[PDB]
Structures are given as structure tokens and as C-alpha cells.
Amino acid sequence: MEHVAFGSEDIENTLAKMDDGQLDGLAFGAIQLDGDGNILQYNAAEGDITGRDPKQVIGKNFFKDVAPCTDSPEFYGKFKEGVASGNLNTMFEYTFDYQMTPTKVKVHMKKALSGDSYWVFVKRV
Ligand SMILES: *C(=O)/C=C/c1ccc(O)cc1
């Protein structure tokens with residue numbers, strides 16, 4: 001696979017500029033968002049967790065379109081606050097339940113190293 005653990009302290013360095021192929025080798029779901037929440041990258045593990053087809057969701061807005069169950073203070077609010085501050089590093093459990101069997105996950109959102117983009121990492125719990 002790719003040898004990176006969920007929640008690693010330097011994950012943003014390890015995944016910096018990772019192409020879509022390499023991202024598909026992670027053991028956990030990985031989504032890269034711009035500051036508005038548009039999907040830039042979406043890996044295979046995430047698609048397995050959620051059922052979404054990665055290439056279909058890239059370019060969509062995660063909060064508006066793909067994941068309305070995350071359009072809440074508890075998820076989007078945290079994301080939006082992090083984007084506004086230009087800093088984000090949070091881990092929390094959540095349940096994904098839009099047009100899918102409800103699935104509890106652990107989420108790690110972390111600002112990407114460079115630029116202004118934001119990772120959403122997901123694993124099952
Ligand atoms: C709630 O609507 C959650 C949906 C969802 C979460 C994560 C994804 O990668 C895709 C859909």
C-alpha cells in the first residue's frame with residue numbers, strides 16, 4: 001500500500017502533492033477540499049467506505065452536494081472555521097447517512113501543508 005497511519009502527526013507532509021494514484025494506496029479514506037469545500041481529490045478507500053465513485057465527486061461541493069449530513073456545525077462548521085482561520089487539525093467521530101446505510105467513522109480534518117487546501121481523512125470505527 002502506501003505506509004501512512006491515520007492520524008499521523010506529519011500526515012500533511014507525507015501526502016503533500018500526492019497524486020491520485022498514490023492517494024489510492026492509503027489504508028484510510030482521504031479527501032482534499034479547497035476552502036469552499038469543493039473536492040479536489042478523493043481516494044479509493046473513501047469510495048469504499050461511502051459508496052461514492054471518486055472521479056464522479058471530484059469537482060462537486062462536499063457540503064452542499066455530496067455529503068449534506070456533514071452540513072452542520074459539527075462538521076462543516078469546523079471546516080469552515082478552520083478555513084477562515086487558515087489553520088485546522090481536528091479529529092472527531094461522525095455518522096455518514098445520506099443515501100447510504102448509516103456508517104460511523106472517525107474523521108481527521110487537517111489543513112494541507114502548502115497553499116490553501118484541506119484534508120478530510122476517514123476511517124471506520
Ligand atoms: C453525509 O451526508 C455524509 C456523506 C458522505 C461522507 C463522506 C463522503 O466521502 C461522501 C459522502
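For reference, positions follow the sequence shown, starting with 1. Scope of the values below: all heavy atoms of this structure, side chains included, with no hydrogens, waters or symmetry mates. We count ligands from 1, going down the list as the structure has it; atoms in each ligand are counted the same way.
Only side-chain heavy atoms of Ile31 come within less than 4.0 Å of ligand 1; its backbone N, CA, C and O stay farther off.
Checking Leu40, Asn61, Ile39 one by one against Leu33, the side chain to side chain contact (heavy atoms under 4.5 Å, CB included) holds for a single residue, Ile39. Of the candidates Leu15, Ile31, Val105, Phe121 forms a side chain to side chain contact (heavy atoms under 4.5 Å, CB included) with just one, namely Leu15.
A tilted orientation is assigned to the rings of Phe79 and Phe63, their planes being inclined by 30° to 60°.
For the atom pair CG (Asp65) and NZ (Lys60), the distance works out to 5.0 Å, reported to the nearest 0.5 Å. Put simply, CG on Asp48 and CG on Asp24 are 9.5 Å apart, with the number rounded to the nearest 0.5 Å.
Listed for the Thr90 side chain is no donor-acceptor partner under 3.5 Å among the backbone atoms of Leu88.
Any N or O atom pair closer than 3.5 Å counts here, and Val66 shares no such pair with ligand 1. Of the polar atoms of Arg52, none of the N or O atoms is found under 3.5 Å from an N or O of ligand 1, judged by distance alone. Backbone and side-chain nitrogen or oxygen atoms of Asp97 are examined, and none is located within less than 3.5 angstrom of a nitrogen or oxygen of ligand 1.
If you number the atoms of ligand 1 from 1 as listed, the ones under 4.0 Å from a heavy atom of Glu46 come out as 7 (C), 8 (C), 9 (O). Shown in contact with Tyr42 at under 4.0 Å from a heavy atom are these atoms of ligand 1, numbered in order with element: 8 (C), 9 (O), 10 (C).
Nearest-residue assignment for atom 5 (C) of ligand 1 (options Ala67, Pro68, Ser72; heavy-atom criterion): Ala67.
Counting protein heavy atoms only, atom 3 (C) of ligand 1 is closest to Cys69 SG, 2.7 Å.
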